[PDB]
Structures are given as structure tokens and as C-alpha cells.
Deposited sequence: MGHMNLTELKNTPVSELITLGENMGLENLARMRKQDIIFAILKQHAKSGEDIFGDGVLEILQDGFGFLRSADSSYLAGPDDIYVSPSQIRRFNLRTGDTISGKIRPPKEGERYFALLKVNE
């Protein structure tokens, strides 16, 4: 539980490269900051550990939502069933356990609200 995507984005890149290289992640030094972060989370998620995220909900016309930073690629996807089961509304500030995209998916996704 100490890795939170919002906190990682606010961490200086030199500390991110150190963490990543310590995890055995090879040459993060050519990557953009956002990509180093993703790389770390994906690798860390393979151990079964919880990882967290947070943002401001916006519900789109199809019924799913994103948690926005209060830039797209790190917006967190929120399914229709989660919005309706937990009564989440546009503009709520949400925190929860997230998961990396699996194959076919493009965005990190909310796993559990309210953690």
C-alpha cells in the first residue's frame, strides 16, 4: 500500500528512476516521467500488492466515468456498475485501490472504492 499514482506523479523524476532501477527496471532514463511511473506500478502490481489512486469523478454519456486530475493517459476508468452500485456522482472526490490495464485495455481501472 504506499504507492499512490497521484503521489508518484508529484515525485521528482530522479527519485522515480532510483526506485525503478532498484526494482530491476532497466534504463528508465530515456523515458518520459509518466511512462516510468506506469512501468513501476505494473511491475509492483505483479506481487499482489495494493496500489491506490484518486481523482474527481466525471460521468460520460455511455455511463462509465473517469477520475480526472483535479491529462488523459492517467485518468482512472470507473465502470457503470461501480457508479450505480456505490451511488457515485459527477464531481465526487474518490480514492480507491486501482489496477493496471490488462490486455485490450488502455487505462488504469478502479478496483475498490474508498480505500
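- Of the deposited sequence, the ranges 1, 72-76 have no C-alpha coordinates according to the record.
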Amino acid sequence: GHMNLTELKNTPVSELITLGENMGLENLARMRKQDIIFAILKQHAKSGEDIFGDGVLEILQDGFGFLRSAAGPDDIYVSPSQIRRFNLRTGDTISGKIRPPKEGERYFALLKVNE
From here on, numbers count along this sequence of modelled residues.
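- Mean CA B-factor, 71-79 versus 40-48: the higher value falls on 71-79.
- Of the two segments examined, 13-21 and 90-98, it is 13-21 that shows the higher average Cα temperature factor in the deposited entry.
- Highest CA B-factor among the listed residues (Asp35, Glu58, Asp62, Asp54): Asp62.
- Residue-level temperature factors show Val113 in the highest third of its chain, judged at the C-alpha atom.
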